[PDB]
């Protein structure tokens, strides 16, 4: 994987981890964003699932925004396919190389977040969210057990 690219993840990942709170892979159709490599173990990569349910995710953003705060758990931006996507940073999770199926493409090119300023903002939000998750913060009552996944990946 290359940083800021979008990818499809093998269903095998989801059946191996068996976590009912990960965003469903929709049979290898949900694009996932590769945010950054883990600092502590090489070969573990942090991914963020996307959703196109903008009406739903805008309301969640506006919960914070309407109180004068940034939303770190969701970030909505127009991708290079010219449509808006929600990055569910809240639901980010770790993965290893063997679980990656392929590049997510647009007309046979690799879709990726080419706008560096958007990538940078997303990366910051993700570091913050991951920091908070590691310290036991729960943004929803249905939060994936990324600690369990992370330990399983430690091969």
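Residue numbers count along the first chain shown, from 1.
- The stretch with the higher mean CA B factor, choosing between 4-12 and 145-153, is 145-153.
- Per the PDB record, of the two stretches 111-119 and 26-34, 111-119 carries the greater mean B-factor over its C-alpha atoms.
- In the deposited coordinates, the residue among 105, 40, 90, 52 with the greatest CA B-factor is 40.
- In the PDB entry, a CA B factor belonging to the lowest third of its chain's modelled residues is recorded for residue 86.
- Among the modelled residues of the chain, residue 64 sits in the highest third by CA temperature factor in this PDB entry.
- In the PDB entry, a CA B factor belonging to the highest third of its chain's modelled residues is recorded for residue 98.
- The PDB entry assigns residue 58 a C-alpha temperature factor belonging to the highest third of its chain's modelled residues.
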